[PDB]
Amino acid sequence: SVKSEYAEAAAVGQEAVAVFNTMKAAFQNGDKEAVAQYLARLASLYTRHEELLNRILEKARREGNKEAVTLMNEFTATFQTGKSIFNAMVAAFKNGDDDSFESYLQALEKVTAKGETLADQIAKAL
């Protein structure tokens, strides 16, 4: 069902949360080789999560589930804010800018944390 597809998307989101926090620790410890590999893993995970979310929104649309479509539209916009900050973080890392990297890292945390309020409401609506 769309509901079980959302639970799979939720798990993939949780995987990125896990990899993010082991990356933040690696960044703080100065282990740039690790950070590079975690950033590649996160990019893949975010690409997969976006693809599961789009397929869930398209299916809720075909199903006429208006409340779910509203919530998923609001979520996909916030998800894009996260994506943009993530990509900026990656570029900060490429450029050797630890100041901006720290900034984007803290911002992505606040975007992702705020997002979970909606993420939890979508589960209950599908």
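The first residue of the shown sequence is 1; numbering continues from there. Between two forms, the rigid core is defined as the largest C-alpha subset superposing within 1.5 Å.
Annotation: of the segments 14 to 22 and 111 to 119, 111 to 119 departs further from this form in 9 other deposited structures of this protein (C-alpha atoms, root mean square over structures and residues, core superposition). Relative to one another, 96 to 104 and 54 to 62 have unequal mean CA B-factors, and 96 to 104 is the one with the higher figure.
The mean Cα B-factor in the deposited entry runs higher for 111 to 119 than for the other of 7 to 15 and 111 to 119.
Looking at the C-alpha B-factors along this chain, the one for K83 belongs to the middle third.
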